[PDB]
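Undergrad: First to last, the sequence lines map onto chains B and A.
For the first sequence, the deposited numbering begins at 4 and goes up steadily by one.
For the second sequence, the deposited numbering begins at 4 and goes up steadily by one.
Just so it is clear, CB atoms sit at the ideal spot from N, CA and C, and this is done for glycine as well.
So that we are looking at the same thing, I have put the structure below in structure tokens.
There are 2 protein chains.
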Amino acid sequence: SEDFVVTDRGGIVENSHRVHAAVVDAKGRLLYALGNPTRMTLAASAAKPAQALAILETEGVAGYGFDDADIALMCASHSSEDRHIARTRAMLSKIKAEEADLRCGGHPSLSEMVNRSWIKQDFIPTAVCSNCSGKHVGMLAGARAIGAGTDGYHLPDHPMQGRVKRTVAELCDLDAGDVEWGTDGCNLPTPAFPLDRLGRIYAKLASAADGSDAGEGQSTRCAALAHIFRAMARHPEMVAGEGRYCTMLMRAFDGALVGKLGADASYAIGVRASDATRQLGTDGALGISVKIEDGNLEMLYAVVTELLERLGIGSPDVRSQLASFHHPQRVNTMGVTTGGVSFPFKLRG
Amino acid sequence: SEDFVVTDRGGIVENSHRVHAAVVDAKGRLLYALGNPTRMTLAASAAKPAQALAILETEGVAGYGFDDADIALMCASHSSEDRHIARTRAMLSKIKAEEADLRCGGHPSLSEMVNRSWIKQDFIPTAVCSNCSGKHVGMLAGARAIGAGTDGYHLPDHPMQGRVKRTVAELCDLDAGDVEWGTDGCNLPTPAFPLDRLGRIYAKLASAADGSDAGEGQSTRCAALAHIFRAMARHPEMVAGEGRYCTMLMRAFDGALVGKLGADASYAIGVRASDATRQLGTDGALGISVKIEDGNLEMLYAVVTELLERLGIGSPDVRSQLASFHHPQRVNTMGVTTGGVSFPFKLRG
Ligand SMILES: [Cl-]
Ligand SMILES: [Zn+2]
Ligand SMILES: [Zn+2]
């Protein structure tokens, strides 16, 4: 419960970061942990698969013809690359809406290279550039589909947000009062719930993919979760973008898991049943959720990759694709190596 | 002690950050604390007044004619504004050296607005653009002055770095073995020592300023320390830059204190004797040092400003110049305030 990632300069402690993590089976049962695995935690973008489920379950959304890449964008914190903006526009045309209907705002790109090119051309980002633009088009779609009208689709009193709030609690297996709600950077309601339940959501996504693959009679909701998993794993460049952790992670694993960033350094992974998960002592899929207490994103990616290695998820060759995140470079302005990152935590079973 | 600064979204905890702080008198005696006031801490740029002392105490350096603004740049983590680069080049001319003699490297500017101009211009920062460039020119100056040789002025075996190492330990009142050393981003040795001793350095700076102002006989060391304080207080724009915390802080206080940032969220302040310092229980100058365990810079400035309020240093009107740092904006992409910062820590005496 005193679990840290620690950075050093020449062996001298620089910063230390408290780690919380939960590893759960398909029913949410805790298998491993770091820190406080039930920490009440703001899920932010890590909750988007649950918001995508509310959208996909809305009567009439099926008629718009969203494809797997559209759903991946719904699930995205994308880098605002030109292909992300283009897909946002295509999805707006599917529901006969326009950029002015979006109630999210522009922000500097989550990708440094994209942001640099915007600065170079004095580009001012707008609503269609939001990292959450696919989720917002999906919410516009649901509001239009049930004839609720698009103005106010983002407000808590709107039936689309009523559907979101109910769906999040159901996937977490919590009562409505056990989920807290604030306002997100994209101006939508955003939930907070115990960290282990974020893992439970992703364990259910991977379990639904396994059940779909195995030809099981799934409920419609399990079918839709299977679809969300498949969409994310098939189009991981839409979920984030070039150079991004989530994209590189999901590409490396080639369908064996999905992974998603949450704001202020949280992360969730849904792992399909495998030799690794069976070795970990469960007979189904697995869920992983992580939170760095102070919010440092660089440390998040380092810790998640170390956790994948300790859990034996993937092969050493597969995870070596993430080496630049696992041990972030610590070189000074003259090319001299001056420091490092250590993982003194111990996963408890 | 469980001393934190905490951010929230709608009252839901987002991130928390552990706080360490030391408030010391002129002899180093601990008056108040947060967290662990003796935490072994890399001083990084907060050590620069001690490095400047070692420069100014190198025999012959007086002959180059560095003025107070030059000395303020030796003490700086500047924003690489054009005036900082220009002064660096002027200082190299004073010592008949060239940019190729520097052993620090360029880096993206510490100022977002400067770095935005650089991006629009495709400007590549070079050695004279380093936030440490003034310190490096001073070290070259001292190497030249004693006849050592400029090659290797930055290496631990060089007499300039031997002088730095001895000077840091003396100011801290530590044996050599109680100061650890690593290599800095600017490619110089950088010390680590207990956090309270950083406060001690700055108490001694402010105490020397008081002794000079009162006309007391001073040792060559105290006279040099008083000069460093005066240079920083008179030229705070050289120590950091427009819009930077250290510059706004020192301008607001108009000579009553000096302050300096260290990388990975450390800060140090030397306070001249005043009603505030007497009210705090000491009869001379005071030093303050702070470290955010996880290295978040926004949180550091919020904590330092909150600490000055709690210590009664300044007036509500002097401190209000720092209001944007004290309570950082938490506004989303649509202009809605979504949260805030809180200070659940308790000063202890
Ligand atoms: Cl470095
Ligand atoms: Zn969002
Ligand atoms: Zn430096």
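Closer than 7 Å: is that where the CB of residue 263 of chain B sits relative to any heavy atom of ligand 2?
TA: By one-based count along the first sequence, residue 263 of chain B stands at place 260. No.
Undergrad: If you run the structure through DSSP and keep just helix, strand and coil, what is residue 337 of chain A?
TA: Your numbering for residue 337 of chain A matches position 334 in the second sequence. The answer is coil: DSSP assigns residue 337 of chain A none of H, G, I, E or B.
Undergrad: Taking only runs of the beta strand (DSSP E) that begin and end inside the region 130 to 181 of chain A, which ones reach a length of at least 3 residues, in chain order?
TA: None, since the region 130 to 181 of chain A contains no complete beta strand (DSSP E) of that length.
Undergrad: Is residue 275 of chain B near residue 259 of chain B, with beta carbons less than 8 Å apart?
TA: The residue given as residue 275 of chain B occupies position 272 in the first sequence. The residue given as residue 259 of chain B occupies position 256 in the first sequence. A contact, by the Cβ cut-off of 8 Å.
Undergrad: Is the beta carbon of residue 84 of chain A less than 8 Å from the beta carbon of residue 244 of chain A?
TA: Within the second sequence, numbered from 1, the residue matching residue 84 of chain A stands at position 81. Within the second sequence, numbered from 1, the residue matching residue 244 of chain A stands at position 241. Taking 8 Å as the Cβ cut-off, residue 84 of chain A and residue 244 of chain A qualify as a contacting pair.
Undergrad: Is residue 82 of chain A near ligand 3, judged by its Cβ being under 7 Å from some heavy atom?
TA: For the purposes of this step, residue 82 of chain A is identified with residue 79 of the second sequence, where counting begins at 1. No - ligand 3 has no heavy atom lying nearer than 7 Å to the Cβ of residue 82 of chain A.
Undergrad: Is the Cβ of residue 133 of chain B closer than 8 Å to any Cβ of chain A?
TA: On the first sequence, position 130 is the one that residue 133 of chain B refers to. Yes - at least one Cβ of chain A is within 8 Å of the one on residue 133 of chain B.
Undergrad: To the nearest angstrom, report how far apart residue 161 of chain A and residue 181 of chain A are at their CA atoms.
TA: On the second sequence, residue 161 of chain A is found 158 positions in, with the first residue counted as 1. On the second sequence, residue 181 of chain A is found 178 positions in, with the first residue counted as 1. Residue 161 of chain A and residue 181 of chain A: Cα-Cα distance of roughly 21 Å.
Undergrad: Looking only at its own chain, which residues have a Cβ that is under 8 Å from the Cβ of residue 60 of chain A, when we skip the five neighbours before and after it?
TA: Position 57 of the second sequence, counted from the first residue, corresponds to residue 60 of chain A. Excluding residues within five positions, the ones whose Cβ falls inside 8 Å are 166, 170, 223, 224 and 227.
Undergrad: By DSSP, does residue 12 of chain A sit in helix, in strand, or in coil?
TA: Here residue 12 of chain A refers to the residue found at position 9 of the second sequence. It is a strand residue.
Undergrad: What does the shell around ligand 1 hold, if a residue joins when its beta-carbon is under 6 Å from any heavy atom?
TA: Here the list is B:335, B:341 and A:188.
Undergrad: Exposed or buried, residue 164 of chain A, counting other C-beta atoms within 10 Å across all chains shown (16 or more means buried)?
TA: One-based indexing of the second sequence puts residue 164 of chain A at position 161. By the neighbour-count rule (16 or more Cβ atoms within 10 Å), residue 164 of chain A is buried.
Undergrad: Against residue 222 of chain B, what residues of chain A qualify as contacts under a CB-to-CB distance less than 7 Å, listed in chain order?
TA: In the first sequence, counting from the first residue as 1, residue 222 of chain B sits at position 219. Ordered by position in chain A, no residue passes the 7 Å Cβ test against residue 222 of chain B, which lies about 31 Å from the chain.
Undergrad: Taking the alpha carbon of residue 201 of chain A as the reference point, which residue from A:12, A:241 and A:25 has its own alpha carbon closest?
TA: Reading the second sequence from its first residue, position 198 is the one you call residue 201 of chain A. When only C-alpha atoms are compared, the closest one is A:25.
Undergrad: Within 8 Å, do at least three Cβ pairs link the region 76 to 95 of chain A to the region 129 to 141 of chain A?
TA: With the cut-off at 8 Å, the region 129 to 141 of chain A and the region 76 to 95 of chain A touch.
Undergrad: Could you please give the first and the last residue of the uninterrupted alpha helix (DSSP H) stretch that includes residue 128 of chain B?
TA: On the first sequence, position 125 is the one that residue 128 of chain B refers to. That residue, residue 128 of chain B, is in no alpha helix (DSSP H); it is neither H nor E in DSSP.
Undergrad: Cβ of residue 186 of chain A within 8 Å of Cβ of residue 339 of chain B?
TA: Taking the first residue of the second sequence as position 1, residue 186 of chain A is located at position 183. Taking the first residue of the first sequence as position 1, residue 339 of chain B is located at position 336. The answer is yes: Cβ separation under 8 Å.
Undergrad: Using only the heavy atoms of ligand 2, determine whether one of them is closer than 7 Å to the beta carbon of residue 135 of chain B.
TA: By one-based count along the first sequence, residue 135 of chain B stands at place 132. Within the cutoff, so yes.
Undergrad: Would residue 122 of chain A pass as an interface residue toward chain B - the criterion being a Cβ-Cβ separation below 8 Å?
TA: Translated into the one-based positions of the second sequence, residue 122 of chain A becomes position 119. True, the Cβ-Cβ gap to chain B drops below 8 Å.
Undergrad: Beta carbon of residue 108 of chain B, beta carbon of residue 337 of chain A: below 8 Å?
TA: Working through the first sequence from its first residue, we reach residue 108 of chain B at position 105. Working through the second sequence from its first residue, we reach residue 337 of chain A at position 334. Their beta carbons are under 8 Å apart, which means residue 108 of chain B touches residue 337 of chain A by this criterion.
Undergrad: Mark residue 54 of chain A as exposed unless 16 or more other C-beta atoms lie within 10 angstroms of its C-beta, in which case mark it buried.
TA: Walking along the second sequence from the start, residue 54 of chain A turns up at place 51. So residue 54 of chain A counts as buried.
Undergrad: Does DSSP classify residue 58 of chain B as helix, strand or coil?
TA: On the first sequence, position 55 is the one that residue 58 of chain B refers to. Helix.
Undergrad: Could you tell me which residues DSSP puts in a beta bridge with residue 121 of chain A?
TA: Locating residue 121 of chain A in the second sequence gives position 118, counting from the first residue. None; residue 121 of chain A has no bridge partner.
Undergrad: Should residue 39 of chain A be flagged as near chain B, meaning a C-beta pair shorter than 8 Å?
TA: On the second sequence, position 36 is the one that residue 39 of chain A refers to. No - not a single Cβ of chain B is within 8 Å of the one on residue 39 of chain A.
Undergrad: Quick one: residues in its chain with C-beta nearer than 6 Å to the C-beta of residue 139 of chain A, no 5 flanking neighbours on either side, listed in chain order?
TA: If you number the second sequence from 1, residue 139 of chain A lands on position 136. Result list for residue 139 of chain A: 105 and 107, in chain order.
Undergrad: Between the beta-carbon of residue 75 of chain A and the beta-carbon of residue 235 of chain A, is there less than 8 Å?
TA: Within the second sequence, the letter at position 72 stands for residue 75 of chain A. Within the second sequence, the letter at position 232 stands for residue 235 of chain A. Going by C-beta atoms, residue 75 of chain A is nearer than 8 Å to residue 235 of chain A.
Undergrad: Could you check if residue 334 of chain A is buried or exposed, using at least 16 other CB atoms within 10 Å of its CB as the buried criterion?
TA: Counted from its first residue, the second sequence places residue 334 of chain A at position 331. Exposed, because fewer than 16 other Cβ atoms sit within 10 Å of the Cβ of residue 334 of chain A.
Undergrad: Could you name the residues of the same chain whose beta carbon sits closer than 7 Å to that of residue 282 of chain A, not counting the 5 residues immediately before and after it, in chain order?
TA: Here residue 282 of chain A corresponds to residue number 279 of the second sequence, with the count starting at 1. For residue 282 of chain A, where only same-chain residues beyond five positions count, the Cβ hits under 7 Å are 315.
Undergrad: What residues are listed by DSSP as bridge partners for residue 20 of chain A?
TA: For the purposes of this step, residue 20 of chain A is identified with residue 17 of the second sequence, where counting begins at 1. BP columns for residue 20 of chain A point to A:8.
Undergrad: Rounded to the nearest angstrom, what separates residue 43 of chain B and residue 15 of chain A at their Cα positions?
TA: Taking the first sequence and counting its residues from 1, one reaches residue 43 of chain B at position 40. Taking the second sequence and counting its residues from 1, one reaches residue 15 of chain A at position 12. Cα to Cα, residue 43 of chain B sits roughly 9 Å from residue 15 of chain A.
Undergrad: Indicate, with yes or no, if ligand 5 has a heavy atom lying under 7 Å from the CB of residue 191 of chain A.
TA: In the structure shown, ligand 5 is absent; the only ligands present are ligand 1, ligand 2 and ligand 3.
Undergrad: List the residues of chain B that residue 13 of chain A touches, going by C-beta distances under 7 Å, in chain order.
TA: The residue given as residue 13 of chain A occupies position 10 in the second sequence. Ordered by position in chain B, the residues that pass the 7 Å Cβ test against residue 13 of chain A are 185 and 186.
Undergrad: Check whether the Cβ atoms of residue 37 of chain A and residue 22 of chain A sit closer than 8 Å, and answer yes or no.
TA: What you label residue 37 of chain A is simply residue 34 of the second sequence in a count that begins at 1. What you label residue 22 of chain A is simply residue 19 of the second sequence in a count that begins at 1. A contact, by the Cβ cut-off of 8 Å.
Undergrad: Got a sec: which bits of the region 273 to 292 of chain A sit with their beta carbon under 7 Å from any beta carbon on chain B, in order along the chain?
TA: Hits within the stretch: zero.
Undergrad: With distance defined between alpha-carbon atoms, name the residue in B:56, B:179 and B:188 nearest to residue 332 of chain A.
TA: Residue mapping note: residue 332 of chain A aligns to position 329 of the second sequence, counting from 1. Nearest C-alpha to residue 332 of chain A: B:188.
Undergrad: Quick one: is the Cβ of residue 323 of chain A within less than 7 Å of any heavy atom of ligand 3?
TA: By one-based count along the second sequence, residue 323 of chain A stands at place 320. No; taking the cut-off as 7 Å, the Cβ of residue 323 of chain A has no heavy atom of ligand 3 nearer than that.
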